[PDB]
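Following: one structure in structure tokens, then a few remarks.
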Amino acid sequence: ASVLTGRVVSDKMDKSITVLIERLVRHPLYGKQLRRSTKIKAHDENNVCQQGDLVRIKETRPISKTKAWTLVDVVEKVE
Amino acid sequence: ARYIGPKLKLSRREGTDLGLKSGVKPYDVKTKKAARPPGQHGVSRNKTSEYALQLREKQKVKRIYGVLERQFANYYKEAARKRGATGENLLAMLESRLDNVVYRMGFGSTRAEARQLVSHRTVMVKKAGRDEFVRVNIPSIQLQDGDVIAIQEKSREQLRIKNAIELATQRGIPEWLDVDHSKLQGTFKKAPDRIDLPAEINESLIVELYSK
Amino acid sequence: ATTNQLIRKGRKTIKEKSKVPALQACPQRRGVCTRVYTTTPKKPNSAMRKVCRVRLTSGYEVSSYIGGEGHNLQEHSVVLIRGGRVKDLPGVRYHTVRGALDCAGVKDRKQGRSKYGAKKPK
Amino acid sequence: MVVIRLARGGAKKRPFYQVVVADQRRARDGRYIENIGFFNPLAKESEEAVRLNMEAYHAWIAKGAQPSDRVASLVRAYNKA
Amino acid sequence: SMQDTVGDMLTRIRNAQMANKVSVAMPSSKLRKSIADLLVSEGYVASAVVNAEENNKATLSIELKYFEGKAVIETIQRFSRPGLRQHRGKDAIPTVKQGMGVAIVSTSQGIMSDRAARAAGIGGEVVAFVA
Amino acid sequence: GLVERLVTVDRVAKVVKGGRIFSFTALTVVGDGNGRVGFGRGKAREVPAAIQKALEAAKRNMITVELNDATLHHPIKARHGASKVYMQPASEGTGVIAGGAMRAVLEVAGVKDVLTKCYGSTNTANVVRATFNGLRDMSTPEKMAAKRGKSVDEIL
RNA sequence: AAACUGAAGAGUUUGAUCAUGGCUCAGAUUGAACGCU
RNA sequence: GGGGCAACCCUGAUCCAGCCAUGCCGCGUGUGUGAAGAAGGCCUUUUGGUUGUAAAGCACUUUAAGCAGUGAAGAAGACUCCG
RNA sequence: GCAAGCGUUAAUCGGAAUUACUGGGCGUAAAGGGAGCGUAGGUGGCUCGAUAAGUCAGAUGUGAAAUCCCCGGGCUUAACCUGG
């Protein structure tokens, strides 16, 4: 399986969370990395994590049209 | 294709003997030209440039070895592909050709006569490790080390071969080639070295010409 | 041009358009001579250069030059047109292939026959 | 089913065959699951006309692929040789 | 503001060498001291000493060399500037002047020479070329 | 054993009140062929006299160079004014790859294998001067070892 | 063992110069067409 | 590859064949010897030069093309008899 | 000079460091925004730790075959085919 850790941008959706993932990609010609952020939607069964929390998700069978990830664990809480 | 025009005019343009004609008499007495370039104009102003010199050198080597530009370009490409000096490799290939080796052995008095004689399949080349002789009609075949050369039974008593052998003896036999006259058998044990080959020919110019 | 600037905007090569649009990226093109006339060259030169206004199968109405000495072209003659600008003729960007379809080759050409569609004399 | 078969390469009037494991439906020159051997109809005595991988062939036989008759005969000849 | 430190040290050395200064001093850091130690071991500078001053500061002083009137450091150029970092593998480290120079490489085993890193089979940040 | 080569011939005009005046300027590179090479510029009303003046200048403007068997020790990049010349050692048998102005001076030097490139201006005089400066700048591994106070083996 | 081999410029703005700057040629190439053969 | 227990049938896939110099490669259109340097063409200071060993003469050689033969290999052994 | 070919034309890259990451410039040749402020974003002082994401190294799987390259083999040579 694949595990990704990211901030949860939005928790408004019921039984759902949106996580932002930061990754570094090297530009082919120029060769300098650029920060890239892509939103990924995950399924939270108890809505444990509020917005701004850092969460780890793994790939899973599509629960819904836009969600293929699940909230296995929550590591850190926003102050 | 092979050049069909006057042999001497090529050597006159180059300004030095190309070996096209067998040296039965001195080259100077035979033709009494090549002191000046051919044609009506002869001596002329506006001396040639370095690119012209490179072109002249390439034309010299091609004319000496009776090899067209297309084959010469393939040979130069193979030389650059091969390890070591490109000019040395190209000269080695031009030596390796069958017509040249038979001419050095003396079966043919001249390189053109050797090329025709080989194309006619009188000469048989045995590759290393082969117990049966095979007739070849391509004079451009490269020779591997230790290859053996035989005259066919029909061609054993050729008059031109016999007349060519003693001219070859007067000219001298190269060390790498081993020739048995009685059996008319020639072995290519090693390829000619650059030091062995004529110093006057300049390999570098041919390499310069193909580099744009 | 810093690295960040190059990454953000980048480098751009504008592309040269063809100098022979009427050929539509083709070696030659067939047309019909809608006019056969003569014209004056530019300032340094003086002559009566033979030109034909031709409508090609590609739909353009372009002007082509008739090379060589003498020609049989006239109205409603089908000709073949290749590229090649005439330096001293403004607006003439094509050449008429001699001997291709109806443009006869030069009568007594001897040296550059293949450039003018003249058969080998026997 | 999966059939081991010869694939025709080489040059005109000079056939060279490549023994390949491929689906029966797919064409002779099409995709093949695996390559196990080369077969050369016309070859010198010193040269090895037939080369094959016994372990892979046995593996496919156990798996259930159905070898073609020509390949089976070539395998028999290789085994006896 | 000053967004580079290694480049500042390199240009300080270069300007001092062009001005024929006996020694060049600068604010000290462990990375600057390591680079100076590598230069000393390569023989481009005579010595490099860190004097601990007050207020938790330190001064790195490098004694420069001159051979036959000319500077020992023929050229010293920053490669991995802050704006564009360059990281290379073991077989991709650039050679300086056919190997007669030095490409300073900061590897996981410390800051060391390109030839030494090639011997160790290691790579890292190619920080500067000194010859 | 001195070899003289004429890089180029140029014609220049000087204007007096009465009428135009024509003069010839020549550039020649002359060298030993092993370690010593010079370039000279001569001006004369007559071409051969300009050639001779250029030779005389080149002889005094000889400098020494050091070479490994037949090739350059290391890549050399030089700028004289606008023009930029780049030189790269090549293996034996490659030959001299150069655009005339570089070729003349390299052949005077005696280098048999080299790769050259030019950037910006292609002017022959500037190219020659930049090449000459690059040859002067070049140094050998032993000289570098003495510079750094280390043995030849220690430094690669 | 080998795969690690590769870099040319020139004509043209000026009475002449250097730079800059465009335009043009020298090469390879092609499912190629047209002209002589 | 499809169907059939097999015999065998289908297969414009496939293997080949006809046309095209359309690209690449190879080969041939001959090879030696040949002077008051024939004749003619061209240039010329009108007499020399050049075409030019080029040619004629002379002695060979027959790859390719054409004729007469000869003759592999692509074939995996079917079926049938016997253990 | 090429040679069963030879040129012209059409197209692509090269030469063109003439879009310059390798590898260009901005006082006068084209080019510093009229000046400040500041959003996103880019970069960023010294010392002691945790972390190992970027970075480097090694292991595995994969990155189909052909084609490119190297060394051998077969076609009389070559193209061509072909094992590794």
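Bear in mind that the values in this text are calculations on the coordinates, not laboratory data. We place every Cβ from the backbone using ideal geometry, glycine too, and count neighbours over all the protein chains shown.
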Notebook entry, point to check: How many residues are within 14 Å of chain C (Cβ to nearest Cβ) and of a type in the set (A, V, I, L, M, F, W, C) when one looks only at segment A:15-31?
Noted result: 3
Note to self: With more than 30 Å from B:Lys154 (Cα to Cα), of a type outside the set (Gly, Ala, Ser), within 14 Å of chain F (Cβ to nearest Cβ) and surrounded by 22 or more Cβ atoms within 10 Å (Cβ to Cβ) as the only criterion, which of B:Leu91, B:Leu53 stands out?
What the structure shows: B:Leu91
Note to self: Of the residues C:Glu61, C:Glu16, only one is of a type in the set (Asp, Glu) and within 11 Å of RNA strand G (Cβ to nearest atom); which?
What the structure shows: C:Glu16
Margin query: For segment F:64-81, check the following and say yes or no: at least one residue is closer than 30 Å to F:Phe22 by Cα and touching a residue at least 12 places away in the same chain (Cβ under 8 Å).
Written below: yes
Item checked: Pair list, Cβ under 7 Å, 6 or more apart: segment B:27-56 residue more than 13 Å from B:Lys9 (Cα to Cα), other residue part of a helix (DSSP H, G or I) and more than 16 Å from RNA strand G (Cβ to nearest atom) -> B:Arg56/B:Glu14
Check: E:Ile73: away from RNA strand G (no atom under 16 Å from the Cβ) and not in a strand (DSSP E or B), yes or no?
Finding: yes
Item checked: Any chance B:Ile138 is under 13 Å from B:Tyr103 (Cα atoms) and not in a strand (DSSP E or B) -> no
Note to self: Here's a check for you: in segment C:24-42, which residue that is among the basic types (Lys, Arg) and outside any loop (DSSP other than H, G, I, E, B) is nearest to RNA strand I (Cβ to nearest atom)?
What the structure shows: C:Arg29
Note to self: Just to be sure I understand, how many residues within segment E:87-105 are in contact (Cβ under 8 Å) with a residue 40 or more places away in the chain and more than 14 Å from chain F (Cβ to nearest Cβ)?
What the structure shows: 1
Check: For segment B:89-144, what are the residues that are under 13 Å from the mean Cα position of the chain (by Cα) and charged (D, E, K, R)?
Finding: B:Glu95, B:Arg97, B:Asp99, B:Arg104, B:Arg111, B:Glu113, B:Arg115
Next item on the list: Kindly establish whether F:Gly95 is out of contact with any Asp or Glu (no Cβ under 6 Å at 6 or more places or on another chain) and within 14 Å of chain B (Cβ to nearest Cβ).
Entry: no
Note to self: Go through (1) more than 16 Å from RNA strand G (Cβ to nearest atom); (2) free of Cβ contacts under 8 Å to residues at least 40 places away in the same chain for B:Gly106 and report which single condition fails.
What the structure shows: (2)
Check: Just one of B:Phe72, B:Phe107 is among the aromatic types (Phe, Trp, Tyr) and more than 11 Å from RNA strand H (Cβ to nearest atom); which is it?
Finding: B:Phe107
Next item on the list: Return yes when F:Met102 is more than 8 Å from every other protein chain (Cβ to nearest Cβ), away from RNA strand H (no atom under 16 Å from the Cβ) and under 17 Å from B:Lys212 (Cα atoms) and no when it is not.
Entry: yes
Next item on the list: Restrict the check to segment F:7-16 and report whether at least one residue is more than 12 Å from the chain's Cα centre (by Cα), more than 20 Å from F:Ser139 (Cβ to Cβ) and outside any strand (DSSP E or B).
Entry: yes
Check: Which of the following residues is in contact with a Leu (Cβ under 8 Å, 6 or more places away or on another chain), over 26 Å from F:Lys112 (Cβ atoms) and not in a loop (DSSP other than H, G, I, E, B): B:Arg70, B:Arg104?
Finding: B:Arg104
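Residue-wise test of (1) closer than 30 Å to B:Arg156 by Cα; (2) acidic (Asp, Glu); (3) in a loop (DSSP other than H, G, I, E, B); (4) near RNA strand H (Cβ under 10 Å from one of its atoms).
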position: B:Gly23; (1), (2), (3), (4): yes, no, yes, yes
position: B:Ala35; (1), (2), (3), (4): no, no, yes, yes
position: B:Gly39; (1), (2), (3), (4): no, no, yes, yes
position: B:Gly42; (1), (2), (3), (4): no, no, yes, yes
position: B:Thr48; (1), (2), (3), (4): no, no, yes, no
position: B:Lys60; (1), (2), (3), (4): no, no, no, no
position: B:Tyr76; (1), (2), (3), (4): no, no, no, no
position: B:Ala112; (1), (2), (3), (4): yes, no, no, yes
Notebook entry, point to check: Taking segment A:23-79 as the region of interest, how many residues are in contact with a strand residue (DSSP E or B) (Cβ under 8 Å, 6 or more places away or on another chain), in a loop (DSSP other than H, G, I, E, B) and of a type in the set (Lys, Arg)?
Noted result: 2
Check: Within the set of pairs 6 or more residues apart or between chains, which connect a residue that is within 14 Å of another protein chain (Cβ to nearest Cβ) inside segment C:1-28 to a residue that is of a type in the set (D, E, K, R) and loosely packed, with under 10 Cβ neighbours inside 10 Å with Cβ atoms less than 9 Å apart?
Finding: C:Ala1/C:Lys9; C:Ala1/C:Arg11
Notebook entry, point to check: Just for segment F:56-93: of the residues that are within 16 Å of RNA strand I (Cβ to nearest atom) and in a loop (DSSP other than H, G, I, E, B), which one is farthest from F:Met138 (Cα to Cα)?
Noted result: F:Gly93
Next item on the list: Please work out which one of (1) in a loop (DSSP other than H, G, I, E, B); (2) surrounded by fewer than 19 Cβ atoms within 10 Å (Cβ to Cβ); (3) touching a residue at least 12 places away in the same chain (Cβ under 8 Å) is the condition B:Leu18 fails and give its number.
Entry: (2)
Next item on the list: Specify the residue that is surrounded by the fewest Cβ atoms within 10 Å (Cβ to Cβ); the eligible residues are those in segment E:44-78 that are within 13 Å of chain F (Cβ to nearest Cβ) and without any contact (Cβ under 8 Å) to a residue 12 or more places away in the chain.
Entry: E:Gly69
Notebook entry, point to check: Given the structure, is D:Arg51 of a type outside the set (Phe, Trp, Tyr) and touching a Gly at 6+ places or on another chain (Cβ under 7 Å)?
Noted result: yes
Check: Somewhere in segment B:4-11, is a residue more than 30 Å from B:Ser96 (Cβ to Cβ) and within 16 Å of RNA strand G (Cβ to nearest atom)?
Finding: no
Next item on the list: Look through D:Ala56, D:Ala43, D:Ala81 and report the one residue that is closer than 29 Å to B:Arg130 by Cα, surrounded by 12 or more Cβ atoms within 10 Å (Cβ to Cβ) and out of contact with any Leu (no Cβ under 9 Å at 6 or more places or on another chain).
Entry: D:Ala43
Next item on the list: Check segment B:120-135 and report whether any residue there is within 14 Å of another protein chain (Cβ to nearest Cβ), within 16 Å of RNA strand G (Cβ to nearest atom) and under 19 Å from B:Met93 (Cα atoms).
Entry: no
